[PDB]
Amino acid sequence: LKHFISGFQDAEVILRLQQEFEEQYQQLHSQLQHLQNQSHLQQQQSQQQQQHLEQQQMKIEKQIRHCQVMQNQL
Amino acid sequence: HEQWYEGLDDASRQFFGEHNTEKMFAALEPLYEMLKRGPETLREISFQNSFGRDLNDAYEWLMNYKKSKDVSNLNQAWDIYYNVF
């Protein structure tokens, strides 16, 4: 309960968190676009790293929605 | 910016609510089509070189959607439009 006290620069901390989340979203979105661009290998990739690509994808969008929901809740 | 916003929020609300491709096309046609008339003011000059690239990149997703007819083809485009929003 001691840590629940508000503080002295709460708006400063809110802006700091906003910038951190915005930079994280930009980095994650750029990385997702890079992986999507690299996914066009012009091959079927059956029994290959294709399923690794979709599992990396599914690991990416989950963090994207987590970042979005925390940004909205902030 | 205001009519782009007014198209965008209505399209997002309709997509979240009822998921009808006809009304998606209806809500997405005007903003997509009005960007290729050429500039007439400094506001248009500032708008076309600052925001056109991301929207045209997301337009590839809908171009693929119109030939694939699968739901997952629009999630990345909707994320791009969410950043635009």
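The name the PDB entry gives chain B is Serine/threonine-protein kinase TOR2, with Saccharomyces cerevisiae as the organism.

Here the focus is the side chain of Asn73 of chain B. All names here are of chain B. Among the secondary structure elements, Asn73 is positioned in the loop between α3 (42–68) and α4 (75–84). In this structure the side chain of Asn73 is engaged in a polar contact, spanning 3.0 Å, whose partner is the side chain of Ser68. Non-local contacts of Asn73, meaning those with residues more than four positions away in its chain, are made with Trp61, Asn64, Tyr65 and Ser68.

With 10 residues of chain A in contact, the opposing surface of chain B contributes 6 residues. Across the interface of chain A and chain B, roughly 710 Å² is buried in total on both sides, 35% from carbon and sulfur atoms. Taken together, the links from chain A to chain B amount to 0 salt bridges. Seen at the junction of chain A and chain B, the total is 4 residue pairs in polar contact. At the level of elements, α1 (10–38) and α2 (50–73) of chain A are the ones that each hand at least two residues to the side of chain A that touches chain B. For the side of chain A that touches chain B, the element with the highest residue contribution is α1 of chain A, accounting for 6 residues. Across the side of chain A that touches chain B, the residue classes tally to 3 nonpolar, 6 polar and 1 charged.

Cut-offs used in this document
Residues numbered from 1 in each chain as written, not as in the entry; some residues may be left out. Chains lettered and ligands numbered in written order. Part of a larger assembly, values for the part shown. Heavy atoms only, no water. Residues with missing side-chain atoms left out of burial classes, pairs and counts. Helix = DSSP H or I, 4+ residues; strand = E, 2+ residues; numbered from the N terminus. Polar contact = N/O pair within 3.5 Å; in protein donor to acceptor, adjacent residues only side chain to side chain. Contact = heavy atoms within 4.5 Å. Buried area = accessible area lost by both parts, 1.4 Å probe. Salt bridge = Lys/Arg side-chain N within 4 Å of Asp/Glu carboxyl O. Nonpolar A, V, L, I, M, F, W, Y, C, P; charged D, E, K, R; others polar.

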